[PDB]
């Protein structure tokens, strides 16, 4: 069966506008979380966010930007970064054997609001002709495929917080089936009050730390109280191994494992049992995991179910564990690819990022190695978990490529 590698990466996240900024933040344990004036103005109880410190409309031509909400815009910038990082020629980017699988958890709640307000006040003719590509569920794939002249597969996968992890897993599968040699995979998520409001309405967000935003996201801490919403974009170049080697590609790592399962249990709370199956499926034929980047959103139930699953899968002398969401917040549709990137940077640069803001460690973490300080060491294999509403689970396992 064909082997699959990561050959390029691009990112916009709360902790950096490109890989070099992200890498610096990960090593420092620097929070990307700030107070949100927007959320406060709209009367939301959660008033913190992992905001993106970039204005995409400054970096993209009107001809492309007219079709995009921020999810597509962040992903577009990420794809530009990844293509440059990969050293791909134009003939490789626009090629029958080169595709895109990239999605969003939402799409553009902001443009829905704008279009509806505009139509009610000013009439359908003043809405303009660009709202369908901004708001449709395939916005991220559609808005990138067209200007990058993608000729291979082109669609979005959605699965709430697992979205961009399944995008990467599907890419791997396309390559293993022999259908594509390269697939650009990832996702994007806009950050706007109207989407956030729906999570606030269900009680999912942190509300007790608005006065101290950098302390609000605190995975595994006894006083955690929900997630901090974020967004952004991420793209990785997923490529068949021989194709990568023949062109002298940079190889960050090999995707040696992909798990996708379903709990069949509750719409909002994880079962634990589905995650066990998902991890095990991703670990089939994998010798040893050095580090796990957990889904770890800073929720009371969620954090515990995942730790129980990890303990059951690994037993004693577990891998090192950290939740980068304590720094970044929850990037929703972009979380899977952000955390694959974070994990791959850890793999490539030889460090583990700290799990920050743990003042009192939950008892469910007993007998696990929760990393709370930067740890510099060679890693051979990493694992990243993503679990979404609807009981949907994705796990990716990435190993160093070492000439064998």
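Numbering follows the first chain given and starts at 1.
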Fill in: Mean C-alpha temperature factor, higher of 74-82 and 304-312
304-312
Practice prompt. Pick between 182-190 and 204-212: the one whose mean CA B-factor in the entry is higher.
Written response: 204-212
Worksheet item: Which listed residue, 128, 231, 103, 99, has the largest C-alpha temperature factor in the record?
Response: 128
Discussion item. Take the CA temperature factors straight from the PDB entry and tell me which of 140, 268, 174, 292 peaks.
Written reply: 268
Response to the item:
Chain thirds by Cα B factor, record data; residue 263 belongs to the middle
Worksheet, complete the sentence: Sorting the chain's modelled residues by C-alpha B-factor and splitting them into thirds places residue 160 in the middle
Response to the item:
On the chain's distribution of Cα B-factors, residue 222 falls within the third called highest
Discussion item. Considering every modelled residue of the chain and its Cα B-factor in the PDB entry, is residue 152 in the lowest, middle or highest third?
Written reply: lowest
Worksheet, complete the sentence: Quick tally, chain-level thirds of C-alpha B-factors: residue 35 sits in the middle
